[PDB]
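Below is one structure, written out as structure tokens, with a few remarks after it.
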Amino acid sequence: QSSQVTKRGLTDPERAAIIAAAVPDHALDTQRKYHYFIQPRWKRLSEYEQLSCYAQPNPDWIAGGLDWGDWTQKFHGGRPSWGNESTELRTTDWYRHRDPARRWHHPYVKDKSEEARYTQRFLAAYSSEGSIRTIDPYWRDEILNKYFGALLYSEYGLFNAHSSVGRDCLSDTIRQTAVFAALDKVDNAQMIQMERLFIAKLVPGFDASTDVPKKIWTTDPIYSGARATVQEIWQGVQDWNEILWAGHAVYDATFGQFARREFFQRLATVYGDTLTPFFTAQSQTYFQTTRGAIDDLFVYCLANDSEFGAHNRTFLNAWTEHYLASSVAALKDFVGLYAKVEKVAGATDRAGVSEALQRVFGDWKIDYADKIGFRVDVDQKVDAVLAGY
Amino acid sequence: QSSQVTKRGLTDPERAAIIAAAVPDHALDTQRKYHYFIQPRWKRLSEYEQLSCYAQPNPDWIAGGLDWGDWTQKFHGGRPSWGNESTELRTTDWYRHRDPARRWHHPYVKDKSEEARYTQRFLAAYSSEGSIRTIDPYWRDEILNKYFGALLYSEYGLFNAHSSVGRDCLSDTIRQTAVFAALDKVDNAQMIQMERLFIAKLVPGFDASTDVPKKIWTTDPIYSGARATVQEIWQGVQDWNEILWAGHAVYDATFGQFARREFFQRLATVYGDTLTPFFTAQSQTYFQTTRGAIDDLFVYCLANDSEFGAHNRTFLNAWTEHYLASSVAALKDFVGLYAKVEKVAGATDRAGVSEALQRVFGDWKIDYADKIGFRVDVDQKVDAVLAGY
Amino acid sequence: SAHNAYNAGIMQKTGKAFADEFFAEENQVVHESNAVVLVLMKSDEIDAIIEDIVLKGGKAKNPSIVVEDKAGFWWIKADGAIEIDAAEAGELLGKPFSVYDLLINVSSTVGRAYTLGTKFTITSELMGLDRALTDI
Amino acid sequence: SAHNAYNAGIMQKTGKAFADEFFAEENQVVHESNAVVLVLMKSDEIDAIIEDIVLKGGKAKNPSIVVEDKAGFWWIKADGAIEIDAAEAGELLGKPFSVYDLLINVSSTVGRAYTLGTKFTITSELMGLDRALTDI
Amino acid sequence: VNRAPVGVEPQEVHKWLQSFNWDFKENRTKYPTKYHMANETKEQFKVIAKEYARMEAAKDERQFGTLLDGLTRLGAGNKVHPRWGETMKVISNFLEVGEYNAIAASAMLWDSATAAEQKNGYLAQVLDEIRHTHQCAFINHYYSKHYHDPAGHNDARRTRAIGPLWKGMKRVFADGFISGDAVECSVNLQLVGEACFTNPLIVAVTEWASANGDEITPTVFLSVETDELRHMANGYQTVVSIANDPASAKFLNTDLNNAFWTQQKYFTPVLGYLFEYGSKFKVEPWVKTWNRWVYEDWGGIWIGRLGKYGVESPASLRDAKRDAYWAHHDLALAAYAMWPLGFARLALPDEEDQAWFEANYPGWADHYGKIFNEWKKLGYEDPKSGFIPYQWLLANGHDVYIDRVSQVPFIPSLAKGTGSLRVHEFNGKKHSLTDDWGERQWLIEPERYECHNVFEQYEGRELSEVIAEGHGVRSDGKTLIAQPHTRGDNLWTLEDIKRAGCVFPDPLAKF
Amino acid sequence: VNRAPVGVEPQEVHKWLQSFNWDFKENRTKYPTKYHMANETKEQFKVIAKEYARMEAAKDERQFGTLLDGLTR
Amino acid sequence: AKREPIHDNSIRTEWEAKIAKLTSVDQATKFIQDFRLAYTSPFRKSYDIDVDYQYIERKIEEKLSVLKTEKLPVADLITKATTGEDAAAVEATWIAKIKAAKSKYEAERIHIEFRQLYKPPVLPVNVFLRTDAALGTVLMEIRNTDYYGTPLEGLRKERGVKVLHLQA
Ligand SMILES: [Fe+2]
Ligand SMILES: [Fe+2]
């Protein structure tokens with residue numbers, strides 16, 4: 001070949017001998033813990049913290065940064081590469097957030113790869129089982145195909161809300177939490193479309209095209225409030241803390257949990273749907289993993305920052321009242337769907353829908369509202385959405 | 001240290017130089033395909049076939065073997081290490097079986113490890129979701145805890161039936177199929193007990209001990225025929241082909257499929273059980289993977305062996321009539337369970353149970369019976385089990 | 001042929017002879033090239049693909065291909081395009097092998113590269129401008 | 001101390017001196033030993049456990065421990081028992097580490113070895129005969 | 001029902017991605033841009049979330065197997081030539097910031113695109129750059145555990161802040177990725193940064209690593225670039241998506257030439273310096289590596305082929321070629337002269353290094369080699385010499401200036417590379433600029449370029465106090481991380497530095 | 001209901017293994033032997049099927065990484 | 001000059017003393033606008049605290065933001081600048097000014113001054129970022145038109161630098 005075949009210093013006898021003579025017989029320092037100076041959240045430093053913390057090169061005028069001086073190149077007009085103007089919230093140290101699941105990139109894709117491959121094995125077996133035969137065909141073709149299909153656009157919109165978050169946020173552990181949350185949302189949307197494409201291979205004449213779902217998401221009054229909220233969270237604001245709080249802690253925790261768990265997953269287990277719970281098992285696992293990290297960032301840290309907690313709760317309570325109102329409206333439009341399903345006692349009658357709403361709002365009060373000092377009357381919100389039943 | 005620190009031939013300059021001088025400048029043969037002489041089942045040799053085939057050192061007096069002579073050491077009395085006396089079936093080549101999923105050890109544990117880790121993530125999220133709250137507590141404490149719990153003993157008994165199969169069978173690909181099938185059965189039993197232990201952490205006073213399930217399996221008439229069949233397949237015979245055929249292709253394909261899919265999985269999706277379908281998703285995936293391999297061994301190969309197919313179908317039809325009778329009896333005892341559940345139209349009424357039986361026996365006729373020339377009247381078997389409704 | 005060698009043309013010169021041509025006036029603007037460069041990370045799967053796909057059937061249908069050994073990776077340069085069918089690689093390796101598995105050890109592309117079906121293509125064509133991208 | 005070295009006792013002799021003791025009459029029956037031998041496969045996780053667990057806290061509580069470098073593996077011999085807590089190893093490594101993860105690179109045991117909780121124990125005791133095995 | 005076994009393959013889902021977006025009045029990027037990305041753009045790699053994870057996890061398992069099992073058992077971590085093990089402190093941590101900032105840049109492009117498929121291409125890149133951040137960190141993490149000098153491998157996220165080379169890295173691979181028109185950032189990041197410069201920085205470097213005993217870096221870096229090639233497709237897709245925009249004809253070649261000069265200004269001298277001076281065994285002259293990868297292959301296959309669509313050969317190319325021949329030797333003078341401010345140990349070129357430099361860069365011995373050999377005689381390596389070459393430069397009129405735009409140092413009295421000093425006063429502040437392309441950038445856009453340089457921050461302070469305050473010491477608190485030799489004895493301490501009495505001047509005070 | 005995150009660890013399942021067997025007259029080995037293995041014997045390694053696979057797959061990934069990636073290169 | 005240490009010095013300490021004495025939203029708004037006009041951008045009045053002004057500015061922002069949440073009604077936090085003006089009105093005003101600009105030198109000065117006067121916490125974050133983005137789009141279009149047209153000698157005169165040295 002035209003170029004030299006390079007000899008390896010590890011195995012070539014001549015180069016290995018030269019390298020051995022140059023390596024000292026002793027270590028030149030004894031501190032072998034990578035970025036030993038990171039303050040650990042837990043008993044000892046974790047690999048997650050070692051590989052993540054202080055990758056972002058913030059100067060000392062962004063709270064917590066170790067560097068100094070102005071950025072080397074800014075936007076036309078002077079917008080800094082990163083800056084305090086990106087959010088209303090304040091803190092003594094932006095690096096303080098920890099994902100309780102301690103996900104750096106490798107455990108995250110390791111876990112999702114398990115779900116990727118197992119899903120395909122499950123579908124091949126489900127097709128061989130002929131288990132589709134017991135699914136109520138009205139639930140299948142009317143509610144599942146059309147209205148579950150339309151929910152993918154709520155997940156997709158929440159996914160896209162993170163684009164500006166991924167650019168604007170101010171530390172490395174926060175950036176990882178946000179991007180992993182974003183991929184899980186777009187994963188949810190693709191998984192819903194995967195279920196529909198799967199049913200299309202088993203049931204002839206089942207139309208898995210997105211045309212009807214997109215039409216319903218954009219023009220069916222059942223999704224009118226949901227779409228309005230998602231369009232506002234995504235494209236109406238750029239405060240990156242507002243987007244994460246509004247998207248995950250208010251909208252997805254109320255409307256999103258009701259739609260995924262209380263309607264589609266729960267009622268699948270009254271109309272004999274053995275396929276849909278396999279997919280909602282994933283979206284609900286993704287919701288709980290994301291919540292752990294959202295909780296740490298906002299509830300554990302920012303709402304209790306030694307200097308700015310009360311300051312921060314002021315904005316969080318304001319955001320919450322505005323977006324909870326949008327989400328209550330969204331649920332009021334959505335519960336109209338119950339008019340299209342078979343009345344089952346304790347499930348799709350007024351008492352069952354009221355108990356489901358009491359679960360979503362009662363959980364939300366314990367998980368989020370009580371912890372930031374937000375005062376909410378669960379009963380009053382349940383009554384407000386039942387108005388649309 | 002007391003002993004020499006051995007220098008590595010790969011990296012020590014002196015040893016690497018000596019090794020380099022002794023290695024020829026050219027290959028001494030060009031055939032680099034490992035066990036190139038194996039006849040491929042598919043377009044080209046697979047790694048599965050390369051690593052598996054002819055590991056068993058059979059002589060030429062066991063059909064297909066490449067070796068010669070008597071074994072070096074036999075049982076007291078003269079029983080050969082492996083021999084033709086182990087089964088009634090005959091073939092021109094015992095090495096002809098291929099698992100259509102091409103599982104050697106690594107893909108098998110790779111896949112089950114994905115299911116292992118995802119299960120624990122799903123349980124942690126399910127507990128956080130509070131999704132137990134919507135499960136009918138009678139289904140939970142009476143049918144689930146007691147009668148699903150007792151089914152673990154059917155799976156455990158089928159697992160143990162493979163011990164003599166694992167010792168006695170006559171080729172490597174067959175041995176791998178049988179042992180993987182066995183671990184999946186004991187996995188099923190441990191997974192059922194895992195579900196019960198899980199519910200015990202969420203519902204105080206839920207007793208996850210095996211005492212009641214074991215009592216019901218051993219003495220409740222609902223399981224009397226099932227237990228009798230499993231005890232016979234496991235400990236009543238030693239023909240290793242009879243055990244695999246009776247266990248997987250007759251008993252588990254009829255009683256087992258009805259119990260797992262048509263009763264516990266299907267009715268979980270009418271009584272609001274969102275947890276059990278996660279576990280039956282695994283057992284049913286394991287059943288379909290095992291069936292692919294059982295089908296190849298018995299339906300594709302042995303029932304059509306160029307010299308012994310009709311000979312083999314004679315034994316397979318005899319086995320089938322005897323064990324199908326035991327399985328029909330087992331289902332007749334089992335359908336008594338329907339007297340203990342809420343009557344739901346098309347599910348637990350006489351019409352729904354009859355349609356479920358028509359699925360299990362109709363599938364079985366297509367998957368197995370038609371392919372070995374076994375003549376069965378589906379309607380007559382459905383009527384026979386309905387007798388116990 | 002040898003116009004695609006790593007050390008082609010100016011690269012063979014040393015010392016002042018190299019400098020003179022490196023600073024020649026005609027070499028102060030880019031020169032459009034119809035080549036593509038493909039870098040493959042060394043591994044068991046890749047070394048088999050190199051010897052039994054790229055250097056046999058590949059070079060038979062594109063004689064311009066040059067493969068050079070750069071210790072940790074294979075450096076490949078050809079006129080026009082290089083194509084690798086993951087389905088053919090799977091048959092060669094005896095194990096499942098999608099186009100996404102092939103990408104485990106495809107390390108660099110100087111050219112327009114894309115995936116369609118089981119096939120990985122790196123081409124000098126301006127995909128999306130001169131020729132549209134398609135679905136399955 | 002040095003009675004647990006790989007080359008202890010007869011192993012130091014060579015030639016005829018070795019033969020004479022190898023064939024001595026008292027060495028034609030086994031001699032009961034209170035030792036255990038543990039073999040650890042070399043890896044990133046194991047090398048940290050060796051230096052920061054076995055050779056610090058371990059040898060502090062059992063001074064009989066001898067560790068020898070056998071190129072691909074660590075050879076360990078001690079009086080009585082050796083114990084490794086997977087939970088302590090996880091804290092050292094900064095990543096999840098169960099007793100089953102520790103076993104990824106535990107390669108051999110001459111002794112009675114068992115798992116209980118997060119702990120791996122290799123002991124000269126006759127477990128199941130002199131001392132019963134337990135559950136969590 | 002049909003009971004044949006079926007699944008759903010990734011490309012079956014991907015075909016429906018484009019229809020996931022929907023129209024509303026507010027559906028527009030939030031970031032300032034002169035361009036409008038066409039809504040019908042398609043992506044070259046059909047990747048969905050589940051398949052993304054399956055593909056990346058398989059790469060990881062093989063990489064971590066090699067590292068944690070095989071290479072650790074072989075003791076590979078301490079079989080690296082000391083010059084190269086030191087160089088990897090800089091390469092992997094400096095590259096880390098490029099990986100990190102590329103997360104944010106790709107998210108800004110995901111925001112800027114309107115086609116769901118183009119958003120998806122950028123989104124996959126967002127996730128890849130997180131992967132690469134942790135991969136670069138893992139290299140230094142592994143070296144910290146297994147190599148004979150963990151200092152600097154173990155704390156560069158704070159010790160990099162001491163020295164001047166880090167400022168220039170922040171311009172090309174941090175601020176340049178995220179601060180500006182989304183499209184100007186895209187060309188800095190993807191079409192130049194990734195399609196052009198990550199080939200020498202990430203691929204070609206692995207041969208240098210292997211030559212010097214390092215099999216850790218090839219294991220990781222070659223996996224890093226498997227993702228990067230999908231990023232090269234992202235940048236090309238950017239061009240496709242604005243190709244029918246009339247703004248492209250007005251603006252693209254201006255943003256492209258600015259981005260090309262920006263990237264080459266730092267990487268052309270810095271990579272050549274790290275490759276040739278940070279190695280013992282050399283693979284080939286840096287200027288040949290640059291010729292092959294940058295000028296001929298990138299220039300011909302990417303830029304040359306885009307001429308059909310209005311892309312011009314960059315106006316600054318002729319200046320870039322002069323840098324490729326001489327500027328890394330220029331930088332070496334500054335890097336060796338200011339060694340105490342770094343976080344790696346350096347070695348002067350030895351007799352056989354010098355013969356190699358002169359043979360491949362005739363004239364090197366009479367300019368650079370003569371200086372290096374004088375410094376050696378003055379006691380460059382010896383802590384009891386009281387000698388630090390930065391004062392030697394000042395005492396002989398060879399002042400060092402920092403380019404206000406690029407942050408690259410410049411020694412006009414010695415440089416053979418491209419450039420010339422311009423000193424302007426504006427509104428009571430003096431500024432040093434070093435080339436025609438950067439001066440225009442600063443004159444037209446002064447509020448983009450206000451970066452404090454090391455002389456402005458450290459003016460009048462003594463060297464050892466700056467190093468102590470920055471934690472540029474080993475765990476004994478006294479011995480410097482940086483050293484002017486790679487030997488195991490006679491390491492410099494804070495007091496050896498203080499004995500030289502080096503105080504930072506204001507280089508522009510004389511003007 | 002309590003909504004703390006919980007799973008079920010391998011040794012929690014293993015503790016119930018001994019009770020999976022049950023008594024019937026035919027429950028005896030099929031193979032000739034002079035000995036009778038006591039019914040109360042316990043095992044030193046508490047392994048269940050799912051954890052068996054997780055543990056062995058992790059060994060495999062590292063081994064095949066070393067072989068197919070590093071040592072081949 | 002002899003610089004003090006980087007992160008902890010007498011300049012930063014003295015300014016933190018001044019900042020602590022702000023007690024009202026109106027007083028803090030004037031303080032921060034004056035500070036930003038005096039010490040930020042290339043058109044600042046003084047480079048005296050060049051290496052410290054960015055940290056000091058952070059501390060003024062922190063004081064103003066807390067005073068806002070302590071003393072203003074919630075709706076004001078969302079819709080009004082701390083100058084008392086309507087946030088939406090500020091946005092419309094400054095976009096109109098830059099779209100009426102005739103040179104790059106007039107446009108550049110409008111954008112820089114908008115940031116000096118209304119950078120958060122003066123203006124609400126969402127309104128500010130949106131306005132800053134619109135202004136930057138205009139500034140870039142003008143500046144990047146015929147970017148290489150004027151030779152360096154011309155641009156030096158247009159910018160207004162005192163050339164202190166040109167290497168020959
Ligand atoms: Fe990257
Ligand atoms: Fe990249």
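So you can find residues: chains in the structure tokens are A, B, ... in the order shown, residues in each start at 1, and ligands are numbered from 1 in order.
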Superposed chain C (ref. Chain D, all C-alpha pairs in order) as a short mmCIF file (atom, residue, chain, number, x, y, z; two decimals) with C-alpha atoms, in the first residue's frame:
data_model
loop_
_atom_site.label_atom_id
_atom_site.label_comp_id
_atom_site.auth_asym_id
_atom_site.auth_seq_id
_atom_site.Cartn_x
_atom_site.Cartn_y
_atom_site.Cartn_z
CA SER C 1 2.20 -15.26 56.89
CA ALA C 2 4.28 -17.00 54.23
CA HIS C 3 2.81 -20.48 54.71
CA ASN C 4 0.11 -19.28 52.28
CA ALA C 5 2.53 -18.31 49.50
CA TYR C 6 2.09 -20.07 46.17
CA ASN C 7 5.67 -21.35 46.38
CA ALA C 8 5.58 -22.25 50.08
CA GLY C 9 7.32 -25.26 51.56
CA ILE C 10 8.17 -28.03 49.12
CA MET C 11 7.59 -25.71 46.15
CA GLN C 12 10.87 -23.89 46.86
CA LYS C 13 12.94 -27.02 46.26
CA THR C 14 14.19 -28.07 42.83
CA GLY C 15 15.77 -31.13 41.26
CA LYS C 16 16.41 -34.09 43.52
CA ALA C 17 15.61 -32.14 46.69
CA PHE C 18 12.05 -31.68 45.44
CA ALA C 19 11.71 -35.35 44.45
CA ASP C 20 12.89 -36.58 47.85
CA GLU C 21 10.21 -34.68 49.75
CA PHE C 22 7.50 -35.24 47.12
CA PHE C 23 7.98 -39.01 47.56
CA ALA C 24 8.54 -38.97 51.34
CA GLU C 25 6.22 -41.41 53.07
CA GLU C 26 4.45 -38.83 55.24
CA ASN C 27 3.42 -36.96 52.06
CA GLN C 28 1.48 -39.91 50.58
CA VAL C 29 -1.75 -39.02 52.41
CA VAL C 30 -3.63 -35.74 52.31
CA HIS C 31 -3.06 -33.26 55.12
CA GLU C 32 -6.12 -31.33 56.28
CA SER C 33 -5.76 -27.59 55.72
CA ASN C 34 -7.68 -24.67 57.22
CA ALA C 35 -6.93 -22.49 54.18
CA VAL C 36 -9.12 -21.23 51.37
CA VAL C 37 -8.00 -20.24 47.87
CA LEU C 38 -9.77 -17.49 45.91
CA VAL C 39 -9.02 -16.70 42.26
CA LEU C 40 -10.07 -13.34 40.82
CA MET C 41 -10.02 -12.63 37.09
CA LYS C 42 -8.21 -9.38 36.28
CA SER C 43 -10.48 -6.48 35.28
CA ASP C 44 -11.05 -2.82 36.14
CA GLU C 45 -13.52 -3.63 38.92
CA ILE C 46 -11.44 -6.47 40.38
CA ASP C 47 -8.15 -4.57 40.43
CA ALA C 48 -9.81 -1.83 42.50
CA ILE C 49 -11.36 -4.37 44.88
CA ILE C 50 -7.96 -6.04 45.29
CA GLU C 51 -6.05 -2.89 46.17
CA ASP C 52 -8.69 -1.02 48.20
CA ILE C 53 -10.64 -3.87 49.87
CA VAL C 54 -8.62 -7.09 50.00
CA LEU C 55 -5.18 -5.56 50.63
CA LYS C 56 -6.38 -2.90 53.09
CA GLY C 57 -9.40 -3.77 55.23
CA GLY C 58 -9.20 -7.45 54.31
CA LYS C 59 -5.57 -7.98 55.31
CA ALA C 60 -6.14 -5.80 58.38
CA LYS C 61 -8.74 -8.27 59.66
CA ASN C 62 -6.99 -11.39 58.28
CA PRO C 63 -3.20 -10.97 58.24
CA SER C 64 -2.77 -14.46 56.75
CA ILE C 65 -3.87 -13.24 53.29
CA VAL C 66 -1.34 -13.63 50.48
CA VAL C 67 -2.06 -12.15 47.03
CA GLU C 68 0.03 -13.22 44.04
CA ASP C 69 0.03 -11.96 40.45
CA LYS C 70 -0.52 -14.79 37.95
CA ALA C 71 -0.71 -12.57 34.82
CA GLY C 72 -4.36 -13.10 33.90
CA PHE C 73 -5.69 -13.61 37.42
CA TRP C 74 -5.06 -12.87 41.09
CA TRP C 75 -4.30 -15.89 43.28
CA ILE C 76 -5.37 -15.41 46.91
CA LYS C 77 -4.89 -17.78 49.86
CA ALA C 78 -5.81 -17.15 53.49
CA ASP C 79 -6.45 -18.94 56.76
CA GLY C 80 -10.06 -19.46 57.74
CA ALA C 81 -12.20 -17.31 55.45
CA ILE C 82 -12.29 -14.39 53.04
CA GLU C 83 -15.32 -12.11 52.81
CA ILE C 84 -16.18 -9.48 50.19
CA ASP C 85 -19.20 -7.20 50.61
CA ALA C 86 -20.56 -6.25 47.18
CA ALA C 87 -22.21 -3.17 48.73
CA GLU C 88 -18.82 -1.84 49.82
CA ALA C 89 -17.40 -2.56 46.35
CA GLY C 90 -20.24 -0.58 44.78
CA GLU C 91 -19.43 2.45 46.94
CA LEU C 92 -15.79 2.16 45.91
CA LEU C 93 -16.59 1.85 42.19
CA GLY C 94 -19.37 4.46 42.15
CA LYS C 95 -21.84 2.26 40.26
CA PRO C 96 -24.52 -0.32 41.09
CA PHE C 97 -22.90 -3.59 42.15
CA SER C 98 -24.81 -6.59 43.50
CA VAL C 99 -23.26 -9.84 44.71
CA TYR C 100 -24.15 -11.26 41.28
CA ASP C 101 -22.12 -8.52 39.57
CA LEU C 102 -19.16 -9.34 41.82
CA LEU C 103 -19.37 -12.95 40.59
CA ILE C 104 -18.81 -11.78 37.00
CA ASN C 105 -15.07 -11.89 37.74
CA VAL C 106 -14.76 -14.39 40.61
CA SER C 107 -13.10 -17.26 38.77
CA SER C 108 -12.36 -20.04 41.29
CA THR C 109 -12.88 -21.18 44.88
CA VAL C 110 -11.03 -23.86 46.82
CA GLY C 111 -13.28 -23.81 49.86
CA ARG C 112 -16.93 -23.53 50.78
CA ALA C 113 -18.32 -20.45 49.03
CA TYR C 114 -21.80 -18.95 49.25
CA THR C 115 -23.85 -15.80 48.78
CA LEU C 116 -25.99 -14.19 51.48
CA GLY C 117 -27.39 -10.71 51.01
CA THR C 118 -24.73 -8.49 49.47
CA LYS C 119 -21.92 -10.66 50.83
CA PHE C 120 -19.73 -13.28 49.17
CA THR C 121 -17.97 -15.60 51.62
CA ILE C 122 -15.43 -18.36 51.03
CA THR C 123 -14.81 -20.32 54.21
CA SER C 124 -13.01 -23.44 55.40
CA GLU C 125 -16.12 -24.33 57.42
CA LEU C 126 -18.27 -27.20 56.18
CA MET C 127 -21.44 -25.27 55.39
CA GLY C 128 -24.61 -27.35 55.47
CA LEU C 129 -22.91 -29.92 57.73
CA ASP C 130 -21.37 -27.98 60.64
CA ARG C 131 -23.25 -24.70 60.09
CA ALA C 132 -26.60 -24.36 58.33
CA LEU C 133 -27.30 -22.21 55.29
CA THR C 134 -29.93 -19.50 55.76
CA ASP C 135 -32.28 -17.27 53.78
CA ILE C 136 -32.54 -13.44 53.86
#
Write out as a tab-separated table a residue-level contact list of chain A versus chain C with cut-off 9 Å: for each qualifying residue the closest pair of atoms and the distance in Å to one decimal, counting only C-alpha atoms, rows sorted by chain and residue number upward.
residue	atom	partner	partner_atom	distance
A:1	CA	C:68	CA	6.1
A:2	CA	C:7	CA	5.5
A:3	CA	C:7	CA	6.0
A:4	CA	C:70	CA	8.4
A:5	CA	C:69	CA	6.5
A:6	CA	C:71	CA	6.2
A:7	CA	C:71	CA	7.8
A:8	CA	C:71	CA	7.6
Residues at most 8 Å from ligand 1, using only C-alpha atoms and all ligand atoms? Could they come as an mmCIF file with N, CA, C and O atoms, in the first residue's frame?
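Full text of result15.cif as output:
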data_model
loop_
_atom_site.group_PDB
_atom_site.id
_atom_site.type_symbol
_atom_site.label_atom_id
_atom_site.label_comp_id
_atom_site.auth_asym_id
_atom_site.auth_seq_id
_atom_site.Cartn_x
_atom_site.Cartn_y
_atom_site.Cartn_z
ATOM 1 N N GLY E 98 -16.274 20.376 23.239
ATOM 2 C CA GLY E 98 -16.895 20.402 21.908
ATOM 3 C C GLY E 98 -18.075 19.459 21.890
ATOM 4 O O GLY E 98 -19.096 19.819 21.350
ATOM 5 N N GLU E 99 -17.909 18.291 22.501
ATOM 6 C CA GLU E 99 -18.995 17.296 22.590
ATOM 7 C C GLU E 99 -20.133 17.924 23.392
ATOM 8 O O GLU E 99 -21.262 17.879 22.951
ATOM 9 N N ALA E 102 -21.905 20.810 21.635
ATOM 10 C CA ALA E 102 -22.638 20.331 20.471
ATOM 11 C C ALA E 102 -24.016 19.807 20.853
ATOM 12 O O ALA E 102 -24.917 19.796 20.005
ATOM 13 N N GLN E 125 -28.429 13.609 16.930
ATOM 14 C CA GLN E 125 -27.138 14.212 17.239
ATOM 15 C C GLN E 125 -27.101 14.732 18.672
ATOM 16 O O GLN E 125 -26.082 14.593 19.358
ATOM 17 N N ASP E 128 -26.251 11.805 20.675
ATOM 18 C CA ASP E 128 -24.873 11.372 20.432
ATOM 19 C C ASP E 128 -23.867 12.227 21.194
ATOM 20 O O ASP E 128 -22.876 11.707 21.724
ATOM 21 N N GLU E 129 -24.072 13.547 21.223
ATOM 22 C CA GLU E 129 -23.068 14.406 21.844
ATOM 23 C C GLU E 129 -23.039 14.230 23.357
ATOM 24 O O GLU E 129 -21.996 14.453 23.982
ATOM 25 N N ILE E 130 -24.156 13.813 23.957
ATOM 26 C CA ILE E 130 -24.117 13.385 25.351
ATOM 27 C C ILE E 130 -23.256 12.138 25.477
ATOM 28 O O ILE E 130 -22.390 12.048 26.354
ATOM 29 N N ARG E 131 -23.474 11.164 24.582
ATOM 30 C CA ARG E 131 -22.646 9.962 24.566
ATOM 31 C C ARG E 131 -21.168 10.319 24.504
ATOM 32 O O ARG E 131 -20.359 9.803 25.282
ATOM 33 N N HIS E 132 -20.803 11.229 23.600
ATOM 34 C CA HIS E 132 -19.394 11.560 23.403
ATOM 35 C C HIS E 132 -18.816 12.345 24.576
ATOM 36 O O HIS E 132 -17.629 12.200 24.899
ATOM 37 N N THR E 133 -19.622 13.210 25.203
ATOM 38 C CA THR E 133 -19.181 13.872 26.428
ATOM 39 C C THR E 133 -18.734 12.845 27.452
ATOM 40 O O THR E 133 -17.649 12.952 28.035
ATOM 41 N N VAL E 224 -16.679 6.925 18.747
ATOM 42 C CA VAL E 224 -17.230 8.283 18.721
ATOM 43 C C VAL E 224 -17.598 8.679 17.295
ATOM 44 O O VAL E 224 -18.706 9.159 17.025
ATOM 45 N N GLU E 225 -16.677 8.459 16.355
ATOM 46 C CA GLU E 225 -16.883 8.922 14.987
ATOM 47 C C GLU E 225 -17.958 8.129 14.246
ATOM 48 O O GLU E 225 -18.513 8.649 13.272
ATOM 49 N N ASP E 227 -20.835 7.782 15.269
ATOM 50 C CA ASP E 227 -21.949 8.712 15.399
ATOM 51 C C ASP E 227 -21.715 9.968 14.572
ATOM 52 O O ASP E 227 -22.647 10.494 13.951
ATOM 53 N N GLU E 228 -20.470 10.453 14.556
ATOM 54 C CA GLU E 228 -20.172 11.733 13.925
ATOM 55 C C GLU E 228 -20.524 11.742 12.443
ATOM 56 O O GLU E 228 -20.902 12.791 11.908
#
Give me, please, the distance in Å between CA of residue 368 in chain A and CA of residue 295 in chain A, quoted to one decimal.
7.8 Å
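The residue set within 12 Å of residue 106 in chain B, counting only C-alpha atoms and dropping same-chain residues fewer than 6 places from it, reads residues 47, 48, 51, 112, 113, 176 and 180 of chain B; 53, 54, 55, 56, 57, 58, 59, 60, 61, 63 and 64 of chain F.
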